[PDB]
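Everything on this sheet refers to the single structure shown next.
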2 protein chains.
Amino acid sequence: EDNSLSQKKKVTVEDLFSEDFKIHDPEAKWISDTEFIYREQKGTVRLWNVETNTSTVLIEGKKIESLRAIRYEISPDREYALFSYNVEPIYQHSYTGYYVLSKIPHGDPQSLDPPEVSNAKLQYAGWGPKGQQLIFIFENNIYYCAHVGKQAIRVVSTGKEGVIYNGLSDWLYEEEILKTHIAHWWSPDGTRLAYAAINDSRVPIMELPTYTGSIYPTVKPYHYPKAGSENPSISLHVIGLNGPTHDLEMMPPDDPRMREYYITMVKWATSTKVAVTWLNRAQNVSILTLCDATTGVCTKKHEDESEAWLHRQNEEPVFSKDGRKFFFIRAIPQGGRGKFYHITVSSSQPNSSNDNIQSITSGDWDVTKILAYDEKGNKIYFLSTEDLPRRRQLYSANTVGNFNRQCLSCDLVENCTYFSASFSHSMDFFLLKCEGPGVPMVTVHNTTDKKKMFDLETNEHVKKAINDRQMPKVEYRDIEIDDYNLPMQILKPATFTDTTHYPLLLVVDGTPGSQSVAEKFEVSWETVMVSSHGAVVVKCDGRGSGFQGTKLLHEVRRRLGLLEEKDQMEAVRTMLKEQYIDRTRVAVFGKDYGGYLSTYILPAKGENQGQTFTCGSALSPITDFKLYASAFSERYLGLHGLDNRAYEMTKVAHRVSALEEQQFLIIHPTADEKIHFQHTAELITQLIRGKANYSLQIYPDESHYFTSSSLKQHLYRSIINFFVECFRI
Amino acid sequence: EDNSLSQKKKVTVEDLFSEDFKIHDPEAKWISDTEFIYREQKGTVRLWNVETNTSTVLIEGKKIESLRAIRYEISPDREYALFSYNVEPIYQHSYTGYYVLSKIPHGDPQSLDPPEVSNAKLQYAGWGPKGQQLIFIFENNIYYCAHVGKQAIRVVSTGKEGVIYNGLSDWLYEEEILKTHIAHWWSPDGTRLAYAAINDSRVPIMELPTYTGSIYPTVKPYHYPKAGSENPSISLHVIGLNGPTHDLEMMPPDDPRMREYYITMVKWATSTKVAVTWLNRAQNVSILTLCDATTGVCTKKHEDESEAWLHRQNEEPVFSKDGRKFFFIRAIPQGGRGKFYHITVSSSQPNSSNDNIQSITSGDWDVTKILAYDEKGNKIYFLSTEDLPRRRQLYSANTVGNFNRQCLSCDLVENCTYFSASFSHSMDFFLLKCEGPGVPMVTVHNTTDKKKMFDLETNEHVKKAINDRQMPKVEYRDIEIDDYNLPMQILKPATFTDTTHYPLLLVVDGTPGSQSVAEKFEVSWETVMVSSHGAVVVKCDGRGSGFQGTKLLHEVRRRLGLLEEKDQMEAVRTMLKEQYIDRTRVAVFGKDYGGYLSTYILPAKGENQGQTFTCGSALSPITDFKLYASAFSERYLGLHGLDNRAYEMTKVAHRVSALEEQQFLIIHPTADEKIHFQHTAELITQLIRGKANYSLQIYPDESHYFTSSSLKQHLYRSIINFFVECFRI
């Protein structure tokens, strides 16, 4: 007999925004092989020279005075830096606002401004590879300044506001393919810049309604392609930083299946050579091409094509110091059960006669990314799910014929399993972060000794908070269906008892090409609810989850809805067969694409066990893929315009007809830029036709990602305050 | 052993939309001294005479096969019939559609057409007063045809789509002040037409979002002058039906405080002289003016003004056949409690030295509208509130010094005790209709014998249905605060039991010049919920409502909402003393302006007696009157643009701040043009900042007047479903 009270306060709503839980990552980047940038720890920014415990104050409590410049970065000369803050701060991935130049010693603000124009907003500044040369993007125009005090030079200015995007990515590139906003890349020599110019005039335009703006609010118009519409028309240009600065346009290939090209990847192969990944409009035919920036001569080095589509076309080709044989990562057949994503080798100049396909790694697992390759001998470092899909571990292999894989850390202090590392220019030291399943562990390590030769950032306060609050028990119960094994992640409220029945939630994302069951450390509304309300949560990554086989990924190609619905529902079936789960209170949640799923999965099982969930909800739930971005629609459903009959069954209406007793809900901001309000509007219309019971909460004229702490706090509060009633008996 | 069965079934929403409760009112109109239209009640169109039960079917039941024309009007010569079908209403009265002309007996339907154009949608056609002459308004252009066989001829075409209106009303001149879409007047002889030209060029424009139209739904722009904006430029023009049809325009007076004006009332004095009412922008000066058509010159007749505002702007004076003294209705002091609305005599040509004002009526009551004046006698027939403000009865005063208002209707029927009458050209024969609280009756009568020859429509189905189900018993309970009187209405399902407790739902409308506590028979969601769900619903006409004193109207100048809030909370506190009613379950409802009330009456009384309303709700509420039409904001809260500071204290936002835990609902269609959705969006923003629980529903791209049955039943089902789980414990 024992009691074991363990009376510690349950996690409240504010805990996610409590400074104790305010996880800090310096996000160090190797300035050289002997030191890293060592950004803000708790204020001043030092330069912790990794050689021998030496820290030099490069930045001090001075950016606090400069109107709280959110972002900061120092030029390669380490002598003049740029600070940047925001006025009317919009950054979902936008990152606009004010830029300022400043001095390395201290103080000295300097408004980096467009020529002939005073202090004004700037899109992006960045740094060059050499000395203090910088650029800045004003109203879709790239201007360059080799010297900090040098008068601005209009390198290119033909870009137009919302019409021509050169030096920055438009919304489709900012959200669907590049997933990054910067569309310029410096050459290795710091003399040339390769950028992308996008014409958007032919692109169809939508207008987001506005209410809260003014007494006569007007719609914000911008281009937003859809299925069967006109995609942005991109071109690739190269312009020098000095002298003539000639613009050179690179010719894409003219294959019969190469109708329209997406620039999924472009990188300087050398100071004059460049490697570009060009994908067909159907997103099922990719071509890796090697071109010459100063010459413009293009020649293909590889080509791949898949029946369904190509995944992770954002490959990063890591090159040698002189354009010698380099590395790549791609899907090799790997026999049965999916052409797994493994590493591959390319020679310096692969002849058109044959390819250099050389799987450095082989096995039923995938490499998430290639970390780095260093030329003294044979060392490729990378992150992979080799040990387990739900974990990202560090691995190293050798480029010489031995091809021997090797772990580096394989667990460290306080239960760390998840890994993510980053090497320097010359292997001298590499950073490593845990971010799971414990507190993130910012650390330095040395390639030879492989030892933590000083603690970088541990966040002991986070451990104190996690031991001072009822952090819910983490559990795993891998499931298996048909010809695949599906991960899972059930949670228990740390006061659980097998005798006491407890309610259940299913959290679903199911994004095609991503994963939800990961050992990354995270605290969100689910953690609070399992703490504040004590309901188990289920995270099942059904068919189409990433890093689990290309065949599994393509299982849902043009077959959305049903398969993932089957997986999530069968996860619910598996959870109900226990004695600690009461059928009275079982709920679901979703968001973004998962919102779709969060709506698609409310049918009746059998006849006695109908109305599978008492309550459900969604957030920004995509419902019609015709009304969503073309780069996404055509990817998983093919090109429109020819009536492919791949959209009628995709509409969630077909499933929402029943809605017998489920207490549904929708939360959707008015001014959503990713998933338009039209999706919620159509769903509500269909619901009205079906005459169902639901409630709606709205955010008037707000962005999609909730980049305001008040917005996120209110959102999590609303979700909790919604599940409380339907989980109360 | 067998007692068989008893008891009658209660009332459910399905009953409302069953055919049983439909009030098939024919709405007959006195064509001549001894005949009325006797329009459709259960099919065919039949003409009747008062002499001896004369039956004359003019049109068969062919409207069903005539594409189910929504409306029809016979030609004034009783020779042609105009059918209106395929109507797509946009406002309350903008029934744009298709018009087809046909011969009186039957056969040969002919589609009215614009010149040189085939069948197309028509804004309005109408009929003339004599012969077969007609007009029609197409794309804001008035064309006329004296001869039906004669094709369309151009008459006036200055109109522009949404900018220039000829003979019709814009939104402001349809819904706020003129309260109808009729802006054209036929001369008694059918020789000239008087039409209003509305210029919207300087009127600001607002877009209403569309969320359902197509792949890229676009906003709808229309001219909605907000508070502190420029009202449309209205001019009056008289045109001839023959010859050159040279236009002549009316010249308004030029008092220094009436430059910006509304033509709030204009009625033909004769076939060439007219009386027109100009109400200035501050609506504090209303000049009645006599104009001659052939010269275009307007001669001033009289002026009216008040310490707060003018009222009853569309009471058309009745001009005698000789143009002698017309008996208009103006605010005479009538002792205390403000200047009651009593009849004023005005001679044909009153001397400028002194007018011929004469208070025909008198008493602690007023006249709602004046039917006619028997030129062959000292009899003037009208409808007035002589008995009670909540009942209207027919009366006949003496235009000469007799001044005897006779007891004609005056409770001549046992049940309704509430009346509405309409006389002929000779006023010998008149139609009478009860319209509550009993089942409405339509009856013929003569003013000589005051005898009921036969009932025109008895609503037999309505009577049997009102006897079928357990009706809610009607009750009344006057209240008084200070020197103000306020009626009240309350219902019970008539199967009330004192032991069982029932909750209270408070319904408010509260708009100036209205009467929520009325003895009108009606079937709605209120009685359905009272019957089936067992609740008692209270209506209390607070301060600011009309028909009970010009002072009791005008005291709310710039203080619109607070006084009626005090009246309603007094009603709550003085009604919750019942031993069969409880403080736990108290709920409120609101609509349009009442939504503000439904939100403005939820504080926490003191500190202990909080939780005033358990589950409140509202429809299209208004919180910031700046975002609303100037003709309502300025008219009661003071003119906008001057920062009256009533536009910063009449916001319920600071009032809805507390709302600590009370659940609340909002319902608002997307395409609302009564109270723009911006009000709801701002309210939601405040609530998110206020951090209070709320719910919401949406109707995408739906007008405010609920022009469909399915939408109406969905709304009623949704509101009753909201209330049913918010009452039961």
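Going from the start of the chain as shown, residues are counted 1 onward.
Each Cβ is built from the backbone N, Cα and C atoms, and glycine gets one as well.
Classification of B:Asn53 (N-linked glycosylation site) by DSSP places it in coil, neither helical nor stranded. Sequence annotations record features per position, and here Swiss-Prot assigns N-linked glycosylation site to B:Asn53 (among others) based on experimental evidence.
Residues annotated as N-linked glycosylation site in Swiss-Prot, with experimental evidence given as evidence: B:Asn199 (among others). Of all Cβ atoms in the protein chains displayed, 16 besides its own lie within 10 Å of the Cβ of B:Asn199 (N-linked glycosylation site). A strand conformation is recorded for B:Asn199 (N-linked glycosylation site) in the three-state DSSP classification.
B:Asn284 (N-linked glycosylation site) is surrounded by 18 other CB atoms, counting those within 10 A of its CB over all protein chains shown. Look at Swiss-Prot and you will find B:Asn284 (among others) tagged as N-linked glycosylation site.
Take the CB of B:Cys291 (disulfide bond) and look out to 10 A: across all protein chains shown you find 25 other CB atoms. Among the features that Swiss-Prot reports, disulfide bond is placed at B:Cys291-B:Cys298 (among others), with the record citing experimental evidence.
Counting Cβ atoms from all protein chains shown, B:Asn351 (N-linked glycosylation site) has 8 others lying within 10 Å of its own Cβ. B:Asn351 (N-linked glycosylation site) falls outside any helix or strand according to DSSP and counts as coil. Sequence annotations record features per position, and here Swiss-Prot assigns N-linked glycosylation site to B:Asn351 (among others) based on sequence analysis.
According to Swiss-Prot, the disulfide bond annotation covers B:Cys407-B:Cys410 (among others). Cβ neighbour count for B:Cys410 (disulfide bond) (all protein chains, 10 Å cutoff from its Cβ): 16. According to its DSSP assignment, B:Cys410 (disulfide bond) is coil.
Secondary structure at B:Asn415 (N-linked glycosylation site), taken from DSSP and collapsed to helix, strand or coil, is coil. A simple way to gauge crowding: the CB of B:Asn415 (N-linked glycosylation site) has 12 other CB atoms within 10 angstroms, across all the protein chains here. Taken from Swiss-Prot, the feature N-linked glycosylation site covers B:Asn415 (among others), and the record attributes it to experimental evidence.
The annotation disulfide bond is assigned in Swiss-Prot to B:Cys416-B:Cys434 (among others) on the grounds of experimental evidence. For B:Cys434 (disulfide bond), the same-chain residues lying six or more positions away in sequence with a CB closer than 8 A to its CB are B:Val413, B:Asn415, B:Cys416, B:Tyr418, B:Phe419, B:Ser420, B:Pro440, B:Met441.
Taken from Swiss-Prot, the feature N-linked glycosylation site applies to B:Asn446 (among others). In sequence order, B:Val50, B:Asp428, B:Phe429, B:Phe430, B:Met453 are the residues near B:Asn446 (N-linked glycosylation site), counting only same-chain partners six or more apart with C-beta under 8 A.
The 10 Å shell around the Cβ of B:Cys726 (disulfide bond) contains 17 further Cβ atoms across the protein chains shown. B:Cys726 (disulfide bond) falls within a helical segment according to DSSP. Among the features that Swiss-Prot reports, disulfide bond is placed at B:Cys615-B:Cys726 (among others).
Feature annotation from Swiss-Prot assigns N-linked glycosylation site to B:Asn693 (among others); the stated evidence is experimental evidence. DSSP gives B:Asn693 (N-linked glycosylation site) a coil state; it is part of no helix or strand.
Cβ neighbours of B:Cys298 (disulfide bond) (same chain, under 8 Å, six or more residues apart in sequence): B:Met250, B:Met251, B:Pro252, B:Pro253, B:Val276, B:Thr289, B:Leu290, B:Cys291. Proximity to chain A (Cβ-Cβ distance under 8 Å) holds for the following recorded positions out of B:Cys291, B:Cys298, B:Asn351, B:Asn415, B:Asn693: B:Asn693. DSSP assigns B:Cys434 (disulfide bond) to coil in the three-state reduction, placing it in neither a helix nor a strand. It is 46 Å from the Cα atom of B:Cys615 (disulfide bond) to that of B:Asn199 (N-linked glycosylation site). Put simply, of the recorded positions B:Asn199, B:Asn351, B:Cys410, B:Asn693, B:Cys726, the one whose Cα is nearest the Cα of B:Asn53 (N-linked glycosylation site) is B:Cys410. The disulfide-bonded residues listed here are B:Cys407, B:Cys416, B:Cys615; among them, B:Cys416 has the most other Cβ atoms within 10 Å of its own Cβ. Listed in sequence order, B:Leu659, B:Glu661, B:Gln662, B:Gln663, B:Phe664 are the same-chain residues six or more apart from B:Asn693 (N-linked glycosylation site) with CB atoms under 8 A from its CB. Note: the Cα of B:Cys726 (disulfide bond) and the Cα of B:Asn351 (N-linked glycosylation site) are spaced 66 Å from each other. Here nothing among the glycosylation sites B:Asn199, B:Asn284, B:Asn351 falls inside 10 Å of the CA of B:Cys407 (disulfide bond). In this view, B:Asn53 (N-linked glycosylation site) is surrounded by 10 other Cβ atoms within 10 Å of its Cβ, with every protein chain counted. According to DSSP, B:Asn284 (N-linked glycosylation site) sits in a coil region rather than a helix or strand. Cα of B:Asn284 (N-linked glycosylation site) to Cα of B:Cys410 (disulfide bond): a distance of 35 Å. Here the Cα atom of B:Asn199 (N-linked glycosylation site) is found 36 Å from that of B:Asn351 (N-linked glycosylation site).
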